[PDB]
Amino acid sequence: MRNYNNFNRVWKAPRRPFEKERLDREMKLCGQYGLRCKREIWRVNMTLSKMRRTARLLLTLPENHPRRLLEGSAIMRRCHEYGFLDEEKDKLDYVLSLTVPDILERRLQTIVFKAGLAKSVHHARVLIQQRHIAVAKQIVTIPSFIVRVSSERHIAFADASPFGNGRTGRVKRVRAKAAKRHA
Amino acid sequence: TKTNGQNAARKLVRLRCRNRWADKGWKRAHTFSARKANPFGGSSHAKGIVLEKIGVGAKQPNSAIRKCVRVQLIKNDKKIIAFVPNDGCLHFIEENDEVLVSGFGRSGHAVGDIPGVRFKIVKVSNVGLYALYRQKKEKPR
Amino acid sequence: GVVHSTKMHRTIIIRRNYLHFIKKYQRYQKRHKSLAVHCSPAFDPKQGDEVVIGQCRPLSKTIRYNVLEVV
Amino acid sequence: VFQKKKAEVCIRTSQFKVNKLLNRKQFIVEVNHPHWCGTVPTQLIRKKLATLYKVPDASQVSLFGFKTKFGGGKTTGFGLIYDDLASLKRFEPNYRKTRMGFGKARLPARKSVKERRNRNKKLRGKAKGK
Amino acid sequence: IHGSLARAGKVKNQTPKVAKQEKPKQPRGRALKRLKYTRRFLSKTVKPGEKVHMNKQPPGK
RNA sequence: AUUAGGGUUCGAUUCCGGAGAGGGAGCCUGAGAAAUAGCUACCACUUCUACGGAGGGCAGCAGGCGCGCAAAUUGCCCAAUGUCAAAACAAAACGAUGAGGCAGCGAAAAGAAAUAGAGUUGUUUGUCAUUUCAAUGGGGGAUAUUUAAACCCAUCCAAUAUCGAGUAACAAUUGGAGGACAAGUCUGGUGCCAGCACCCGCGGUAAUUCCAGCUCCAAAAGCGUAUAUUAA
Ligand SMILES: [K+]
Ligand SMILES: [K+]
Ligand SMILES: [K+]
Ligand SMILES: [K+]
Ligand SMILES: [Mg+2]
Ligand SMILES: [Mg+2]
Ligand SMILES: [Mg+2]
Ligand SMILES: [Mg+2]
Ligand SMILES: [Mg+2]
Ligand SMILES: [Mg+2]
Ligand SMILES: [Mg+2]
Ligand SMILES: [Mg+2]
Ligand SMILES: [Mg+2]
Ligand SMILES: [Mg+2]
Ligand SMILES: [Mg+2]
Ligand code: NA
Ligand code: NA
């Protein structure tokens with residue numbers, strides 16, 4: 001009753017439920033990137049589709065069209081700052097050829113593993129889930145945190161986490177209480 | 001072949017209006033004869049009271065007896081024949097008991113080798129006939 | 001509009017013929033509208049003529065326009 | 001790694017504002033407490049903010065809406081301080097005054113006052129409420 | 001007709017009852033995806049010209 | 001909502017316009033009503049009564065009965081937003097508000113996300129039995145924060161001083177495994193029966209389809225079924 005906030009959707013199920021090629025390809029993306037289910041991939045697919053559709057529209061207008069000149073320039077900034085597109089790729093046609101693995105490459109769970117912080121991509125997810133990593137000195141507890149290129153050098157352990165400037169973690173805390181009580 | 005004039009929109013509108021009635025799906029959704037004849041009255045489900053149990057001989061080449069019941073709905077009081085979706089479920093249903101009925105999945109069309117059955121029993125005594133069959137819930141009285 | 005009927009007293013019926021565009025079929029169709037217009041004795045138009053009308057207050061059950069020219 | 005340190009609090013103000021309409025100075029206060037087990041109570045912030053802006057008494061400082069940052073170590077909230085205590089008593093809501101300690105007593109049940117009106121409207125004057 | 005209303009539930013009864021054997025829990029969530037992934041692409045190797053039988057059964061009759 | 005485009009379909013429902021207050025019809029006051037938690041009358045229903053008589057209109061909120069396939073609590077508060085008002089707040093001096101705001105119930109629907117992360121030894125990898133290691137949350141609480149007050153979220157497990165995961169039992173389900181359509185030479189009985197089966201079909205004594213175990217498949221805190229509708 002008179003509630004006025006949007007709640008949209010971010011994913012779509014595949015049209016053909018049982019494709020051997022699609023099921024095996026999606027299972028490869030799950031283990032290789034450490035995802036809990038296929039909805040993360042389908043979220044990525046919807047994310048990539050939307051940029052593709054608006055790009056498709058922009059390339060039909062002349063390069064001097066103010067809508068093309070403004071929204072084309074904007075979508076380049078969105079691609080470069082989030083690391084999706086290489087900075088020397090300046091044309092609007094390189095957005096079209098964007099791929100699914102490129103988007104998950106910028107996920108924090110991927111970047112944490114690739115920076116040497118996490119030995120495995122599954123270690124990265126739980127480590128992020130356990131408030132152990134801070135981006136620009138801000139705790140992030142979400143594996144799907146797409147990181148900008150300018151914030152890549154600020155990735156570190158959170159100053160509150162046991163691995164760093166914070167107090168000791170749970171195991172070193174509960175067992176210490178056990179020894180003191182046993183006295 | 002059809003009209004192609006620049007100012008011939010009125011003819012093209014009447015052409016589609018007249019010829020849309022030849023679409024059985026379109027005509028059924030835009031006429032009341034289907035809803036007046038449908039026992040459920042345009043609804044998915046409908047409750048009823050069991051009258052008697054009947055065994056229907058399956059169509060050829062199949063040879064079996066399908067357990068079925070005569071059911072009278074409580075909103076229209078019309079005779080229908082429904083189907084029990086598993087084996088050993090005719091014993092669970094007893095005469096003069098509340099059964100929630102549903103469609104057979106083909107939108108008012110007979111399903112399988114059962115000759116004239118377009119409905120199936122979903123509930124009995126406010127309990128799911130599946131859970132009763134699965135030895136998972138018990139019906140009252 | 002075009003004078004359609006002058007069978008009343010001090011009143012004429014005019015026709016506003018136009019083309020209506022049906023968006024689905026990308027085509028037009030001929031449409032017409034009728035208006036009851038008060039005609040002063042200064043004009044004396046004939047059937048098939050051409051008049052310019054201007055909106056006034058309700059003069060009768062149907063009249064809301066007055067003749068301004070006869071062409 | 002980690003060392004034992006005394007809990008400390010830092011006070012910063014953003015968008016300071018002066019208005020003569022209610023005789024108060026309004027700003028937004030952010031709280032920095034890197035090593036603080038829990039969240040900073042408003043009484044302590046009142047003393048630090050009274051000390052910072054050099055007001056004669058802490059009770060003329062009204063602090064409210066202190067929302068904490070995610071990840072810890074930071075809390076932000078709005079706050080206004082008045083020129084005098086008397087103006088604070090004059091210009092403050094009942095819920096904020098009660099939080100400090102000057103709020104008026106709570107009115108009785110609104111259901112009773114609602115019911116009381118409908119009993120009276122059915123009766124003649126001087127017979128309603130005695 | 002060889003069929004009757006009184007014959008209902010015959011095979012249900014015919015089937016003798018057999019209990020289900022006990023079993024430990026399997027991993028849930030992201031673990032199952034990564035557990036199956038190591039079976040799909042790491043536990044074995046793919047040989048050209050041969051298709052992997054995803055659930056083969058012992059021979060019998 | 002769906003959709004390459006053109007289109008098809010839904011719109012009682014939060015904003016705007018109209019209409020009504022059981023059905024009809026008349027009217028006073030008022031700037032404004034053909035007003036209904038205003039009046040008058042009739043028709044249907046109805047309640048109290050001392051039988052003389054007098055009352056009623058939830059398609060407001062909260063809540064009952066029937067109808068149904070079908071839909072919340074007789075909860076808190078004017079703290080915000082606004083309305084009216086003779087009216088800023090304050091001081092014997094605190095206006096009304098079921099509008100509204102905030103909670104309870106609530107798998108309509110939507111976003112982020114648990115059910116674990118690494119090792120040493122034995123049995124190029126990889127499975128299995130070991131030995132452990134550290135971490136966080138669910139949860140328990142608070143110097144307290146939020147809040148009109150609460151509850152929720154956020155902070156913390158002492159700052160001198162703050163509990164807790166190893167079968168981490170803090171145990172994941174729903175449909176399937178002939179084809180469409182991912183997944184079995186395993187079963188075992190029935191023997192065109194019991195059944196399955198949206199369609200094609202399975203079952204007549206070595207059942208591909210029935211009724212179970214294991215495994216496997218698919219989705220996953222979600223998954224079937226029915227009826228509409230869009231694409232196809
Ligand atoms: K929407
Ligand atoms: K006149
Ligand atoms: K309205
Ligand atoms: K089976
Ligand atoms: Mg509408
Ligand atoms: Mg209606
Ligand atoms: Mg009205
Ligand atoms: Mg009514
Ligand atoms: Mg009226
Ligand atoms: Mg009312
Ligand atoms: Mg009435
Ligand atoms: Mg109500
Ligand atoms: Mg067999
Ligand atoms: Mg289906
Ligand atoms: Mg369609
Ligand atoms: Na057959
Ligand atoms: Na037959």
# chains A, B, ... in the order shown; residues from 1 in each chain; ligands from 1

$ residues_around --residues "residue 13 in chain D" --least-positions-apart "3" --cutoff "9 Å" --atoms "only C-alpha atoms (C1' of nucleotides)" --output "compact mmCIF listing (two decimals) with C-alpha atoms, in the first residue's frame"
# COMPACT_ATOMS: atom_id res chain seq x y z
CA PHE D 16 28.87 23.64 10.13
CA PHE D 27 26.58 20.29 12.04
CA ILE D 28 27.18 16.62 11.25
CA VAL D 29 29.60 14.77 13.54
CA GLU D 30 31.62 11.73 12.48

$ interface_residues --of "chain E" --to "chain F" --cutoff "7 Å" --atoms "only C-alpha atoms (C1' of nucleotides)" --output "count of residues only"
20

$ residues_near_ligand --ligand "ligand 14" --cutoff "12 Å" --atoms "only C-alpha atoms (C1' of nucleotides) and all ligand atoms" --output "list in words"
residues 104, 105 and 106 of chain B; 175, 198, 199, 224, 225 and 226 of chain F

$ residues_around --residues "residue 97 in chain A" --least-positions-apart "4" --cutoff "12 Å" --atoms "only C-alpha atoms (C1' of nucleotides)" --output "ChimeraX atom specification"
/A:48-49,51-53,55-56,84-86,89,91-93,101-102

$ write_last_selection --atoms "C-alpha atoms" --output "PDB file, in the first residue's frame"
ATOM      1  CA  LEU A  48      26.642  -8.469 -20.526  1.00  0.00           C
ATOM      2  CA  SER A  49      23.487  -8.511 -22.652  1.00  0.00           C
ATOM      3  CA  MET A  51      25.744  -3.434 -22.490  1.00  0.00           C
ATOM      4  CA  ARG A  52      25.584  -5.313 -25.797  1.00  0.00           C
ATOM      5  CA  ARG A  53      22.057  -4.110 -26.628  1.00  0.00           C
ATOM      6  CA  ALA A  55      26.028  -0.615 -27.779  1.00  0.00           C
ATOM      7  CA  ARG A  56      24.195  -2.167 -30.733  1.00  0.00           C
ATOM      8  CA  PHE A  84      36.272  -4.713 -18.664  1.00  0.00           C
ATOM      9  CA  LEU A  85      37.956  -3.214 -21.739  1.00  0.00           C
ATOM     10  CA  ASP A  86      41.634  -2.571 -22.414  1.00  0.00           C
ATOM     11  CA  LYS A  89      40.764  -0.199 -27.248  1.00  0.00           C
ATOM     12  CA  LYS A  91      36.456   2.419 -30.391  1.00  0.00           C
ATOM     13  CA  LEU A  92      32.829   1.655 -29.535  1.00  0.00           C
ATOM     14  CA  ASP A  93      33.012  -1.622 -31.491  1.00  0.00           C
ATOM     15  CA  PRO A 101      35.056 -14.551 -18.594  1.00  0.00           C
ATOM     16  CA  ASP A 102      36.104 -10.892 -18.813  1.00  0.00           C
TER      17      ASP A 102
END

$ residues_around --residues "residue 61 in chain D" --least-positions-apart "3" --cutoff "7 Å" --atoms "only C-alpha atoms (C1' of nucleotides)" --output "list in words"
residues 46, 50, 58, 80, 81 and 82 of chain D

$ write_last_selection --atoms "N, CA and C atoms" --output "PDB file, in the first residue's frame"
ATOM      1  N   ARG D  46      29.061  13.765  23.852  1.00  0.00           N
ATOM      2  CA  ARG D  46      28.613  15.061  24.349  1.00  0.00           C
ATOM      3  C   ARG D  46      29.732  15.784  25.091  1.00  0.00           C
ATOM      4  N   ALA D  50      31.456  19.046  23.703  1.00  0.00           N
ATOM      5  CA  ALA D  50      31.435  20.216  24.574  1.00  0.00           C
ATOM      6  C   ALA D  50      32.842  20.753  24.795  1.00  0.00           C
ATOM      7  N   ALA D  58      27.826  20.683  29.081  1.00  0.00           N
ATOM      8  CA  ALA D  58      27.616  19.630  28.096  1.00  0.00           C
ATOM      9  C   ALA D  58      26.142  19.414  27.784  1.00  0.00           C
ATOM     10  N   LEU D  80      23.197  19.233  16.886  1.00  0.00           N
ATOM     11  CA  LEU D  80      23.112  20.677  17.034  1.00  0.00           C
ATOM     12  C   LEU D  80      23.362  21.040  18.487  1.00  0.00           C
ATOM     13  N   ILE D  81      24.074  22.141  18.705  1.00  0.00           N
ATOM     14  CA  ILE D  81      24.326  22.655  20.043  1.00  0.00           C
ATOM     15  C   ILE D  81      23.740  24.056  20.119  1.00  0.00           C
ATOM     16  N   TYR D  82      23.143  24.382  21.259  1.00  0.00           N
ATOM     17  CA  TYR D  82      22.407  25.625  21.427  1.00  0.00           C
ATOM     18  C   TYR D  82      23.234  26.640  22.209  1.00  0.00           C
TER      19      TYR D  82
END

$ residues_near_ligand --ligand "ligand 3" --cutoff "12 Å" --atoms "only C-alpha atoms (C1' of nucleotides) and all ligand atoms" --output "NGL selection string"
:F and (12-19)

$ write_last_selection --atoms "N, CA, C and O atoms (P, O5', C5', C4', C3', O3' and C1' of nucleotides)" --output "PDB file, in the first residue's frame"
ATOM      1  P     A F  12      -8.834  -2.265 -14.380  1.00  0.00           P
ATOM      2  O5'   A F  12      -9.721  -2.809 -13.180  1.00  0.00           O
ATOM      3  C5'   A F  12     -10.860  -2.097 -12.729  1.00  0.00           C
ATOM      4  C4'   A F  12     -11.049  -2.276 -11.246  1.00  0.00           C
ATOM      5  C3'   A F  12      -9.945  -1.703 -10.369  1.00  0.00           C
ATOM      6  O3'   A F  12     -10.081  -0.316 -10.128  1.00  0.00           O
ATOM      7  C1'   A F  12     -10.372  -3.915  -9.713  1.00  0.00           C
ATOM      8  P     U F  13      -8.808   0.649 -10.266  1.00  0.00           P
ATOM      9  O5'   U F  13      -7.752   0.040  -9.245  1.00  0.00           O
ATOM     10  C5'   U F  13      -7.978   0.073  -7.844  1.00  0.00           C
ATOM     11  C4'   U F  13      -6.829  -0.542  -7.087  1.00  0.00           C
ATOM     12  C3'   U F  13      -5.462   0.069  -7.347  1.00  0.00           C
ATOM     13  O3'   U F  13      -5.236   1.246  -6.593  1.00  0.00           O
ATOM     14  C1'   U F  13      -5.309  -2.286  -7.459  1.00  0.00           C
ATOM     15  P     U F  14      -5.165   2.674  -7.321  1.00  0.00           P
ATOM     16  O5'   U F  14      -4.160   3.510  -6.417  1.00  0.00           O
ATOM     17  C5'   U F  14      -4.263   3.490  -4.997  1.00  0.00           C
ATOM     18  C4'   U F  14      -2.987   3.955  -4.340  1.00  0.00           C
ATOM     19  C3'   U F  14      -2.104   4.855  -5.199  1.00  0.00           C
ATOM     20  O3'   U F  14      -1.457   5.816  -4.370  1.00  0.00           O
ATOM     21  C1'   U F  14      -0.902   2.910  -4.597  1.00  0.00           C
ATOM     22  P     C F  15      -2.171   7.218  -4.046  1.00  0.00           P
ATOM     23  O5'   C F  15      -1.875   8.111  -5.328  1.00  0.00           O
ATOM     24  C5'   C F  15      -0.722   8.934  -5.391  1.00  0.00           C
ATOM     25  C4'   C F  15      -0.564   9.555  -6.754  1.00  0.00           C
ATOM     26  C3'   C F  15      -1.828  10.132  -7.368  1.00  0.00           C
ATOM     27  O3'   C F  15      -2.160  11.413  -6.866  1.00  0.00           O
ATOM     28  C1'   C F  15      -0.726   8.809  -8.972  1.00  0.00           C
ATOM     29  P     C F  16      -3.700  11.822  -6.672  1.00  0.00           P
ATOM     30  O5'   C F  16      -4.195  12.144  -8.148  1.00  0.00           O
ATOM     31  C5'   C F  16      -3.594  13.185  -8.900  1.00  0.00           C
ATOM     32  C4'   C F  16      -4.080  13.194 -10.328  1.00  0.00           C
ATOM     33  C3'   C F  16      -5.585  13.206 -10.527  1.00  0.00           C
ATOM     34  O3'   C F  16      -6.183  14.473 -10.328  1.00  0.00           O
ATOM     35  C1'   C F  16      -4.636  11.602 -11.955  1.00  0.00           C
ATOM     36  P     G F  17      -7.641  14.564  -9.662  1.00  0.00           P
ATOM     37  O5'   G F  17      -8.613  13.986 -10.781  1.00  0.00           O
ATOM     38  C5'   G F  17      -8.909  14.749 -11.940  1.00  0.00           C
ATOM     39  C4'   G F  17      -9.805  14.003 -12.896  1.00  0.00           C
ATOM     40  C3'   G F  17     -11.133  13.513 -12.350  1.00  0.00           C
ATOM     41  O3'   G F  17     -12.113  14.527 -12.233  1.00  0.00           O
ATOM     42  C1'   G F  17     -10.138  11.801 -13.613  1.00  0.00           C
ATOM     43  P     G F  18     -13.266  14.397 -11.124  1.00  0.00           P
ATOM     44  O5'   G F  18     -14.131  13.145 -11.597  1.00  0.00           O
ATOM     45  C5'   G F  18     -14.914  13.201 -12.781  1.00  0.00           C
ATOM     46  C4'   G F  18     -15.624  11.896 -13.052  1.00  0.00           C
ATOM     47  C3'   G F  18     -16.579  11.413 -11.975  1.00  0.00           C
ATOM     48  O3'   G F  18     -17.832  12.069 -12.021  1.00  0.00           O
ATOM     49  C1'   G F  18     -15.243   9.610 -12.722  1.00  0.00           C
ATOM     50  P     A F  19     -18.631  12.377 -10.666  1.00  0.00           P
ATOM     51  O5'   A F  19     -19.246  10.969 -10.253  1.00  0.00           O
ATOM     52  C5'   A F  19     -20.111  10.262 -11.126  1.00  0.00           C
ATOM     53  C4'   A F  19     -20.272   8.829 -10.690  1.00  0.00           C
ATOM     54  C3'   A F  19     -20.726   8.623  -9.256  1.00  0.00           C
ATOM     55  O3'   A F  19     -22.129   8.736  -9.118  1.00  0.00           O
ATOM     56  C1'   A F  19     -18.906   7.190  -9.732  1.00  0.00           C
TER      57        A F  19
END

$ residues_near_ligand --ligand "ligand 9" --cutoff "10 Å" --atoms "only C-alpha atoms (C1' of nucleotides) and all ligand atoms" --output "PyMOL selection string"
chain F and resi 20-21+25-26+33-36+38

$ write_last_selection --atoms "N, CA and C atoms (P, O5', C5', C4', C3', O3' and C1' of nucleotides)" --output "PDB file, in the first residue's frame"
ATOM      1  P     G F  20     -22.758   9.379  -7.794  1.00  0.00           P
ATOM      2  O5'   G F  20     -22.801   8.168  -6.762  1.00  0.00           O
ATOM      3  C5'   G F  20     -23.521   6.982  -7.060  1.00  0.00           C
ATOM      4  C4'   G F  20     -23.141   5.858  -6.130  1.00  0.00           C
ATOM      5  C3'   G F  20     -23.189   6.178  -4.647  1.00  0.00           C
ATOM      6  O3'   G F  20     -24.499   6.081  -4.120  1.00  0.00           O
ATOM      7  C1'   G F  20     -21.168   5.064  -5.149  1.00  0.00           C
ATOM      8  P     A F  21     -24.913   6.915  -2.817  1.00  0.00           P
ATOM      9  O5'   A F  21     -24.562   5.934  -1.617  1.00  0.00           O
ATOM     10  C5'   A F  21     -24.938   4.562  -1.664  1.00  0.00           C
ATOM     11  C4'   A F  21     -24.043   3.709  -0.800  1.00  0.00           C
ATOM     12  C3'   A F  21     -24.193   3.929   0.701  1.00  0.00           C
ATOM     13  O3'   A F  21     -23.972   2.696   1.385  1.00  0.00           O
ATOM     14  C1'   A F  21     -21.980   4.440   0.045  1.00  0.00           C
ATOM     15  P     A F  25     -32.010   7.391  -7.884  1.00  0.00           P
ATOM     16  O5'   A F  25     -33.133   8.511  -7.759  1.00  0.00           O
ATOM     17  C5'   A F  25     -34.480   8.241  -8.109  1.00  0.00           C
ATOM     18  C4'   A F  25     -35.439   8.916  -7.163  1.00  0.00           C
ATOM     19  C3'   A F  25     -35.060  10.314  -6.719  1.00  0.00           C
ATOM     20  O3'   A F  25     -35.332  11.295  -7.700  1.00  0.00           O
ATOM     21  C1'   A F  25     -35.816   9.068  -4.860  1.00  0.00           C
ATOM     22  P     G F  26     -34.928  12.824  -7.440  1.00  0.00           P
ATOM     23  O5'   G F  26     -36.016  13.326  -6.397  1.00  0.00           O
ATOM     24  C5'   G F  26     -36.141  14.700  -6.093  1.00  0.00           C
ATOM     25  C4'   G F  26     -36.650  14.925  -4.695  1.00  0.00           C
ATOM     26  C3'   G F  26     -35.921  15.996  -3.915  1.00  0.00           C
ATOM     27  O3'   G F  26     -36.327  17.297  -4.281  1.00  0.00           O
ATOM     28  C1'   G F  26     -36.245  14.102  -2.543  1.00  0.00           C
ATOM     29  P     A F  33     -23.331  22.604  -4.149  1.00  0.00           P
ATOM     30  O5'   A F  33     -23.281  21.132  -3.549  1.00  0.00           O
ATOM     31  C5'   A F  33     -22.169  20.285  -3.808  1.00  0.00           C
ATOM     32  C4'   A F  33     -22.366  18.897  -3.248  1.00  0.00           C
ATOM     33  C3'   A F  33     -23.733  18.268  -3.499  1.00  0.00           C
ATOM     34  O3'   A F  33     -23.573  16.869  -3.726  1.00  0.00           O
ATOM     35  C1'   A F  33     -23.320  18.378  -1.170  1.00  0.00           C
ATOM     36  P     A F  34     -23.083  16.336  -5.160  1.00  0.00           P
ATOM     37  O5'   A F  34     -24.200  15.287  -5.589  1.00  0.00           O
ATOM     38  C5'   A F  34     -25.546  15.700  -5.792  1.00  0.00           C
ATOM     39  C4'   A F  34     -26.373  15.533  -4.542  1.00  0.00           C
ATOM     40  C3'   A F  34     -27.184  14.243  -4.456  1.00  0.00           C
ATOM     41  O3'   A F  34     -27.204  13.778  -3.106  1.00  0.00           O
ATOM     42  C1'   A F  34     -28.635  16.114  -4.335  1.00  0.00           C
ATOM     43  P     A F  35     -26.428  12.428  -2.705  1.00  0.00           P
ATOM     44  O5'   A F  35     -24.936  12.902  -2.422  1.00  0.00           O
ATOM     45  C5'   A F  35     -24.673  14.080  -1.669  1.00  0.00           C
ATOM     46  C4'   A F  35     -23.496  13.908  -0.740  1.00  0.00           C
ATOM     47  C3'   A F  35     -23.626  12.769   0.264  1.00  0.00           C
ATOM     48  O3'   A F  35     -22.326  12.292   0.609  1.00  0.00           O
ATOM     49  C1'   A F  35     -23.550  14.827   1.419  1.00  0.00           C
ATOM     50  P     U F  36     -21.703  11.008  -0.130  1.00  0.00           P
ATOM     51  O5'   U F  36     -21.243  10.054   1.058  1.00  0.00           O
ATOM     52  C5'   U F  36     -22.141   9.112   1.625  1.00  0.00           C
ATOM     53  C4'   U F  36     -22.939   9.724   2.747  1.00  0.00           C
ATOM     54  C3'   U F  36     -22.797   9.078   4.115  1.00  0.00           C
ATOM     55  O3'   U F  36     -21.624   9.498   4.791  1.00  0.00           O
ATOM     56  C1'   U F  36     -25.084   9.558   3.662  1.00  0.00           C
ATOM     57  P     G F  38     -23.103  11.388  10.928  1.00  0.00           P
ATOM     58  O5'   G F  38     -24.497  11.623  10.195  1.00  0.00           O
ATOM     59  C5'   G F  38     -24.569  12.377   8.994  1.00  0.00           C
ATOM     60  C4'   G F  38     -25.665  13.412   9.048  1.00  0.00           C
ATOM     61  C3'   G F  38     -27.083  12.903   8.828  1.00  0.00           C
ATOM     62  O3'   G F  38     -27.667  12.360  10.001  1.00  0.00           O
ATOM     63  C1'   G F  38     -26.712  14.800   7.474  1.00  0.00           C
TER      64        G F  38
END

$ residues_near_ligand --ligand "ligand 2" --cutoff "12 Å" --atoms "only C-alpha atoms (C1' of nucleotides) and all ligand atoms" --output "CSV table (one decimal) with N, CA, C and O atoms, in the first residue's frame"
chain,number,residue,atom,x,y,z
C,58,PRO,N,-22.7,27.6,-26.7
C,58,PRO,CA,-23.9,26.8,-27.2
C,58,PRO,C,-25.1,27.6,-27.6
C,58,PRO,O,-25.7,28.3,-26.8
C,59,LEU,N,-25.4,27.6,-28.9
C,59,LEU,CA,-26.6,28.3,-29.4
C,59,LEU,C,-27.8,27.4,-29.4
C,59,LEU,O,-28.9,28.0,-29.4
C,60,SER,N,-27.7,26.1,-29.4
C,60,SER,CA,-28.8,25.2,-29.3
C,60,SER,C,-28.3,23.9,-28.8
C,60,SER,O,-27.2,23.8,-28.2
C,61,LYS,N,-29.1,22.8,-28.9
C,61,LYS,CA,-28.7,21.5,-28.4
C,61,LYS,C,-27.4,21.0,-29.1
C,61,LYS,O,-26.5,20.4,-28.5

$ select_by_dssp --residues "chain E" --states "helix (DSSP H, G or I)" --output "list in words"
residues 5, 6, 7, 10, 11, 12, 13, 14, 30, 31, 32, 33, 34, 35, 36, 37, 38, 39, 40, 41 and 42 of chain E

$ residues_around --residues "residue 174 in chain F" --least-positions-apart "5" --cutoff "9 Å" --atoms "only C-alpha atoms (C1' of nucleotides)" --output "list in words"
residues 219, 222, 223 and 224 of chain F

$ residues_near_ligand --ligand "ligand 17" --cutoff "6 Å" --atoms "only C-alpha atoms (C1' of nucleotides) and all ligand atoms" --output "list in words"
residues 58, 59, 60, 61, 62 and 63 of chain B

$ interface_residues --of "chain E" --to "chain A" --cutoff "10 Å" --atoms "only C-alpha atoms" --output "PyMOL selection string"
chain E and resi 28-38+40-41

$ residues_near_ligand --ligand "ligand 10" --cutoff "12 Å" --atoms "only C-alpha atoms (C1' of nucleotides) and all ligand atoms" --output "list in words"
residues 21, 36, 37, 56, 57, 58, 59, 60 and 61 of chain F

$ atom_distance --atom1 "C1' of residue 24 in chain F" --atom2 "atom 1 (Mg, counted along the ligand's line) of ligand 12"
26.1 Å

$ closest_atom_pairs --of "range 5-89 of chain B" --to "range 7-31 of chain C" --cutoff "9 Å" --atoms "only C-alpha atoms" --output "tab-separated table"
residue	atom	partner	partner_atom	distance
B:5	CA	C:27	CA	7.8
B:6	CA	C:27	CA	5.3
B:7	CA	C:28	CA	4.4
B:8	CA	C:29	CA	6.2
B:9	CA	C:27	CA	5.1
B:10	CA	C:29	CA	5.7
B:11	CA	C:29	CA	8.8
B:12	CA	C:25	CA	7.4
B:13	CA	C:25	CA	8.0
